[PDB]
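Data block for run.pdb (PDB, C-alpha atoms):
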```pdb
ATOM      1  CA  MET A   1       0.000   0.000   0.000
ATOM      2  CA  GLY A   2       2.445   2.665   1.340
ATOM      3  CA  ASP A   3       0.258   5.628   0.212
ATOM      4  CA  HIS A   4      -0.685   7.696  -2.942
ATOM      5  CA  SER A   5      -1.612  11.483  -2.988
ATOM      6  CA  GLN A   6      -0.237  11.500   0.615
ATOM      7  CA  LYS A   7       2.708   8.980   0.247
ATOM      8  CA  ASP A   8       4.830  11.774  -1.393
ATOM      9  CA  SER A   9       3.827  14.206   1.460
ATOM     10  CA  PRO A  10       4.484  11.432   4.065
ATOM     11  CA  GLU A  11       8.146  10.589   3.109
ATOM     12  CA  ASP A  12       8.559  14.381   2.289
ATOM     13  CA  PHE A  13       7.886  15.365   5.989
ATOM     14  CA  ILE A  14      10.541  12.856   7.330
ATOM     15  CA  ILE A  15      13.383  13.222   4.708
ATOM     16  CA  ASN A  16      13.345  17.110   4.532
ATOM     17  CA  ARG A  17      13.607  17.428   8.389
ATOM     18  CA  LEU A  18      15.980  20.509   8.530
ATOM     19  CA  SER A  19      18.819  18.527  10.326
ATOM     20  CA  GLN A  20      16.632  16.794  13.040
ATOM     21  CA  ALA A  21      12.936  15.689  12.676
ATOM     22  CA  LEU A  22      12.161  12.370  10.805
ATOM     23  CA  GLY A  23       8.367  13.139  11.063
ATOM     24  CA  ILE A  24       6.926  10.458   8.635
ATOM     25  CA  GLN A  25       3.752  12.583   7.907
ATOM     26  CA  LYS A  26      -0.059  14.405   8.639
ATOM     27  CA  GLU A  27       1.893  17.648   7.719
ATOM     28  CA  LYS A  28      -0.909  20.116   8.755
ATOM     29  CA  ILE A  29       1.095  22.994   7.070
ATOM     30  CA  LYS A  30       1.189  20.913   3.777
ATOM     31  CA  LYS A  31      -2.598  20.027   3.718
ATOM     32  CA  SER A  32      -3.422  23.809   4.152
ATOM     33  CA  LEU A  33      -1.062  24.797   1.223
ATOM     34  CA  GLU A  34      -2.607  21.893  -0.869
ATOM     35  CA  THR A  35      -5.543  24.211  -1.951
ATOM     36  CA  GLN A  36      -3.651  26.325  -4.588
ATOM     37  CA  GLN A  37      -5.673  24.291  -7.235
ATOM     38  CA  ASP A  38      -2.681  23.705  -9.631
ATOM     39  CA  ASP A  39      -0.334  22.461  -6.785
ATOM     40  CA  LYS A  40      -2.830  19.757  -5.516
ATOM     41  CA  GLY A  41      -3.536  18.245  -9.007
ATOM     42  CA  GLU A  42       0.276  18.517  -9.573
ATOM     43  CA  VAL A  43       1.073  16.632  -6.264
ATOM     44  CA  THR A  44      -1.671  14.045  -7.224
ATOM     45  CA  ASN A  45      -0.093  13.638 -10.759
ATOM     46  CA  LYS A  46       3.307  12.949  -8.995
ATOM     47  CA  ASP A  47       2.098  10.546  -6.201
ATOM     48  CA  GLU A  48       0.166   7.701  -8.001
ATOM     49  CA  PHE A  49       0.695   8.789 -11.707
ATOM     50  CA  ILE A  53       7.541  11.129 -12.207
ATOM     51  CA  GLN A  54       8.209  14.819 -11.208
ATOM     52  CA  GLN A  55       6.985  16.889  -8.154
ATOM     53  CA  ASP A  56       8.746  20.016  -6.668
ATOM     54  CA  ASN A  57       8.061  21.170  -3.018
ATOM     55  CA  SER A  58       9.446  24.760  -2.666
ATOM     56  CA  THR A  59      10.447  26.696   0.543
ATOM     57  CA  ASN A  60      11.336  30.377  -0.309
ATOM     58  CA  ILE A  61      12.586  32.311   2.820
ATOM     59  CA  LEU A  62      12.467  36.187   3.013
ATOM     60  CA  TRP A  63      13.655  37.989  -0.233
ATOM     61  CA  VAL A  64      10.872  39.905  -2.186
ATOM     62  CA  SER A  65       7.425  38.198  -2.744
ATOM     63  CA  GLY A  66       8.628  34.792  -1.374
ATOM     64  CA  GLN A  67       6.785  31.618  -2.593
ATOM     65  CA  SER A  68       6.897  30.155   1.014
ATOM     66  CA  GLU A  69       5.092  26.708   1.200
ATOM     67  CA  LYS A  70       4.648  26.876  -2.650
ATOM     68  CA  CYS A  71       5.857  24.716  -5.671
ATOM     69  CA  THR A  72       3.911  22.650  -8.291
ATOM     70  CA  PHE A  73       4.527  19.474 -10.457
ATOM     71  CA  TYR A  74       7.260  21.023 -12.696
ATOM     72  CA  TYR A  75       6.103  24.741 -13.011
ATOM     73  CA  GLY A  76       9.126  26.766 -11.653
ATOM     74  CA  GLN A  77      10.917  27.741  -8.356
ATOM     75  CA  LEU A  78      12.345  31.335  -7.966
ATOM     76  CA  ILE A  81      13.595  28.772  -2.821
ATOM     77  CA  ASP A  82      14.764  25.462  -1.155
ATOM     78  CA  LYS A  83      12.722  22.768  -3.073
ATOM     79  CA  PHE A  84      12.871  18.946  -3.739
ATOM     80  CA  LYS A  85      11.639  16.795  -6.725
ATOM     81  CA  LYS A  86      10.621  13.098  -6.175
ATOM     82  CA  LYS A  87       9.710  10.466  -8.849
ATOM     83  CA  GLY A  88       6.493   8.359  -8.514
ATOM     84  CA  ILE A  89       5.566   5.830 -11.291
ATOM     85  CA  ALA A  90       8.394   6.765 -13.775
ATOM     86  CA  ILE A  92       5.634   6.859 -18.323
ATOM     87  CA  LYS A  93       3.133   5.151 -15.886
ATOM     88  CA  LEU A  94       4.035   2.539 -13.170
ATOM     89  CA  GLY A  95       0.990   3.556 -10.993
ATOM     90  CA  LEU A  96      -1.954   1.373  -9.741
ATOM     91  CA  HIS A  97       0.554  -1.495  -8.942
ATOM     92  CA  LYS A  98       3.718  -1.432  -6.680
ATOM     93  CA  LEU A  99       3.520   2.052  -4.992
ATOM     94  CA  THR A 100       6.110   3.886  -7.237
ATOM     95  CA  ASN A 101       9.090   1.527  -6.474
ATOM     96  CA  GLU A 102      11.400   3.498  -8.906
ATOM     97  CA  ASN A 103      10.645   6.766  -6.903
ATOM     98  CA  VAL A 104      13.888   8.908  -6.965
ATOM     99  CA  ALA A 105      14.241  11.836  -4.443
ATOM    100  CA  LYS A 106      16.833  14.729  -4.515
ATOM    101  CA  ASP A 107      17.290  17.839  -2.226
ATOM    102  CA  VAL A 108      17.596  21.277  -4.035
ATOM    103  CA  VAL A 109      18.476  24.178  -1.593
ATOM    104  CA  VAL A 110      17.678  27.949  -2.103
ATOM    105  CA  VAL A 111      21.171  29.085  -3.352
ATOM    106  CA  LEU A 117      25.704  29.428  -8.549
ATOM    107  CA  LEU A 118      24.182  26.623  -6.355
ATOM    108  CA  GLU A 119      22.046  25.721  -9.469
ATOM    109  CA  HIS A 120      25.468  25.413 -11.284
ATOM    110  CA  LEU A 121      27.199  23.513  -8.362
ATOM    111  CA  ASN A 122      24.206  21.045  -8.334
ATOM    112  CA  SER A 123      24.737  20.567 -12.156
ATOM    113  CA  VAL A 124      28.501  19.876 -11.402
ATOM    114  CA  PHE A 125      27.475  17.117  -8.863
ATOM    115  CA  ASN A 126      24.854  15.635 -11.326
ATOM    116  CA  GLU A 127      27.609  15.284 -14.039
ATOM    117  CA  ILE A 128      30.051  13.847 -11.357
ATOM    118  CA  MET A 129      27.256  11.275 -10.519
ATOM    119  CA  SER A 130      26.546  10.391 -14.245
ATOM    120  CA  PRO A 131      30.315   9.912 -14.847
ATOM    121  CA  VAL A 132      30.346   7.646 -11.680
ATOM    122  CA  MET A 133      27.446   5.702 -13.404
ATOM    123  CA  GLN A 134      29.352   5.366 -16.780
ATOM    124  CA  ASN A 135      32.560   4.120 -14.960
ATOM    125  CA  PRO A 136      30.462   1.467 -13.156
ATOM    126  CA  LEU A 137      27.960  -0.566 -15.302
ATOM    127  CA  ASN A 138      27.866   0.403 -19.058
ATOM    128  CA  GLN A 139      23.982   0.457 -18.748
ATOM    129  CA  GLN A 140      21.448  -1.976 -20.404
ATOM    130  CA  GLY A 141      21.409  -0.217 -23.855
ATOM    131  CA  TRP A 142      19.246   2.746 -22.585
ATOM    132  CA  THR A 143      22.595   4.706 -22.519
ATOM    133  CA  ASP A 144      24.197   2.637 -25.396
ATOM    134  CA  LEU A 145      27.381   4.279 -26.918
TER     135      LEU A 145
END
```
Step by step, read the file and then write its structure as structure tokens.
Amino acid sequence: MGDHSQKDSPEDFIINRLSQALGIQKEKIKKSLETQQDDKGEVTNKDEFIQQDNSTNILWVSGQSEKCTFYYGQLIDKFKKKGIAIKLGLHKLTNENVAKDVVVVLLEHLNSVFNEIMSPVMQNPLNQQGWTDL
């Protein structure tokens, strides 16, 4: 079972933390921010349908706060999970779900430097199953 439009929010409360929490849900702040209209249908299209941002913009000018969507755009410490990566939903509860932490702040460049250093670590390791090929 795990969960669906809730599973993403459940493992999102624990993992995020901010150094010490491990909540595991129930996020009353998250259920109240759910009613943006676009963000809810976005979070539902991520949970049981593979891309979902969860933004946290602090101070600045016109901060997003408890914002984000499913793609859309962050202007903002966010995080994108996978969930049924075209469709692996209505079976094993998104077993290929891939999470990654994306802080406020470049840092967008430094993240890109670590992504390339990961993908080169992948190429040195396996060779892939023809999805990479030559």
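Considering all atoms listed in the file, the residue among A:59, A:120, A:136, A:73 positioned nearest to residue 16 of chain A is A:59.
For the residues A:64, A:53, A:129, A:71, ranking by smallest atom-to-atom distance to residue 93 of chain A using only C-alpha atoms places A:53 first.
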Item to complete: For residue 36 of chain A, please output as a ChimeraX atom specification all residues within 10 Å (counting all atoms listed in the file; exclusion window: fewer than 4 positions along the same chain).
Response: /A:32,40-41,70-72
Response to the item:
atom CA of residue 27 of chain A to atom CA of residue 110 of chain A measures 21.3 Å
Discussion item. Evaluate the PyMOL selection byres ((chain A and resi 56) around 8) against this structure - the residues, as a PyMOL selection string, please.
Written reply: chain A and resi 54-55+57-58+71-74+83-86
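Restricting the calculation to all atoms listed in the file, the smallest distance between residue 66 of chain A and any of A:82, A:3, A:47, A:34 is found for A:82.
Closest approach to residue 69 of chain A among A:105, A:145, A:33, A:128 is made by A:33 (distances from only C-alpha atoms).
Closest approach to residue 23 of chain A from the set A:44, A:65, A:9, A:134 is made by A:9, with distances taken over all atoms listed in the file.
Here atom CA of residue 48 of chain A is placed at a distance of 7.2 Å from atom CA of residue 99 of chain A.
Candidate residues A:81, A:96, A:133, A:90 were compared for distance to residue 119 of chain A, and the nearest is A:81, using only C-alpha atoms.
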Practice prompt. Figure out the distance between atom CA of residue 24 of chain A and atom CA of residue 12 of chain A, please, to one decimal in Å.
Written response: 7.6 Å
